[PDB]
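This document starts with one chain, in the form deposited in one PDB entry, laid out as structure tokens.
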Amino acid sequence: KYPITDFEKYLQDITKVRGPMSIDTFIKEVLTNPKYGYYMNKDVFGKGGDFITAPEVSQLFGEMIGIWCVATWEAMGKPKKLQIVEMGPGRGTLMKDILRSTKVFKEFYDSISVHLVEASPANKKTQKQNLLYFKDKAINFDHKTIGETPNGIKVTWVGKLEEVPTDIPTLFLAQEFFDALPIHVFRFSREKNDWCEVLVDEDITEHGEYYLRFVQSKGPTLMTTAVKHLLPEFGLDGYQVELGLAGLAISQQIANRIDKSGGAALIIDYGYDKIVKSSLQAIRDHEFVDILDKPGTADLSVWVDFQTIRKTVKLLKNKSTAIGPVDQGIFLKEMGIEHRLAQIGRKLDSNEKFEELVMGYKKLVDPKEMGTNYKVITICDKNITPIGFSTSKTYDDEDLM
């Protein structure tokens, strides 16, 4: 027990006026509320980024993704203009490593411009400071949405993917992005013989524990009905699933963009090649805590359902498709990470630096590290073979027929 927080008050009040809220709405509020959001106005807490992401683990990761960008661009016939779009670029580390390591490929480097999709002003500032060359002393990062890299590469920031120019071949990079998108949660009731949505309501029950609680909707919600075609038919009592509808919508935007103007997307995240039953987690100061324990004070995340993304793209029945998830270890090895590891190791002269490099490699590719939990899926043109997906599976049930 603890005193009720202001943002818990605020959330309770939403449930009083509009009824229990979907988990999607709950997550949106918790992360991105102007006054109380976790992602918004707080920062300065854990590490300097808090959690180490794949790019921050090793330059190897960024270099392998750069090689993927170049190889893909070649496979698309070396367009004179290529957009590279990143969803949620973090500190800009991945993009920085790409732009460094791909400089050597002149023809490629001459064709690229960069577009970063970023909602957080804090993140925009960090990314700009990390990526741009500045001529002026006084910088207001808000009225500075276009910039130039020290190598002269153009970089533009926008709030939504919708704002990115169309009608130009485009690469899309989404690294640890989908795990941070909101989700809906549904639960099958056999005694109602139908699906219900799981909602967050105020909790005023004696010995309730927190000021919010999870409840089940009285029958199907509008969303339940709207997505019943995605839920499993084998409804067992209490059987529960998570659905990343926001992610599916983004996937459709990317797929249709690729269908119209060409391109390819790499989506890298921790997740499964199946529907995820339960994975929503809340971390605070590097400790797992209850989702409803001081909402807004903890980072929420989900394991990505790669299967539903794949099926959703395929169901567009256009020139796009999604070549199914392959493990990060397998992907990075297939991109030539071991050769690069050897080359960098040889240029290094320090034993300590070499040991660091190898530790990073192992963290990226070992099965007991990120190598298996993290997975890679691509959205691309049916007629252009993806790079790094030789081990992707076939999925008969879902293919053309």
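Counting begins at 1, following the sequence as shown. Only the largest set of C-alpha atoms that superpose within 1.5 Å between the two forms is called the rigid core. Residues that one form lacks are left out of the comparison.
There is another form of the same protein, the form solved in complex with a small molecule; it is not shown, and what comes next is about it.
J.: Pick from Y272, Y210, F188, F177: which has a non-hydrogen atom within 4.5 Å of the small molecule in the bound PDB entry?
T.: By the 4.5 Å criterion, the partner-contacting residue is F177.
J.: So the small molecule isn't shown here. In the bound PDB entry, which residue out of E242, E197, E118, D97 has a non-hydrogen atom within 4.5 Å of it?
T.: Flagged contact: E118.
J.: Looking at 317-325, 138-146, 164-172, 120-128, which stretch has residues with any non-hydrogen atom within 4.5 Å of the small molecule in the bound PDB entry?
T.: Residues of 120-128 come within 4.5 Å of the partner.
J.: Flag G90 as yes or no: does it have a non-hydrogen atom within 4.5 angstroms of any non-hydrogen atom of the small molecule in the bound PDB entry?
T.: Flag for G90 set to yes.
J.: How about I153 - does it come within 4.5 Å of the small molecule in the bound PDB entry, if we only consider non-hydrogen atoms?
T.: Answer no; every heavy atom of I153 is more than 4.5 Å from the small molecule in the bound PDB entry.
J.: Would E56 sit within 4.5 Å of the small molecule in the bound PDB entry, counting heavy atoms only?
T.: Answer yes; at least one heavy atom of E56 falls within 4.5 Å of the small molecule in the bound PDB entry.
J.: Is the gap between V114 and the small molecule in the bound PDB entry 4.5 Å or less for some heavy atom pair?
T.: Contact with the small molecule, no.
J.: Taking the rigid core as reference, which of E338, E356, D366, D43 is displaced at the C-alpha by at least 2 Å between this form and the one not shown?
T.: Flagged residue: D43.
J.: Given that the shift is 3 Å or more, do the Cα atoms of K47 and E369 end up closer or farther apart in the bound PDB entry than in this form?
T.: Relative to the shown form, the pair is farther apart.
J.: If you overlay the rigid core, what runs of at least 3 residues show Cα shifts of 2 angstroms or more between this form and the one not shown?
T.: Core-superposed, the runs shifting 2 Å or more come out as 43-49, 136-140.
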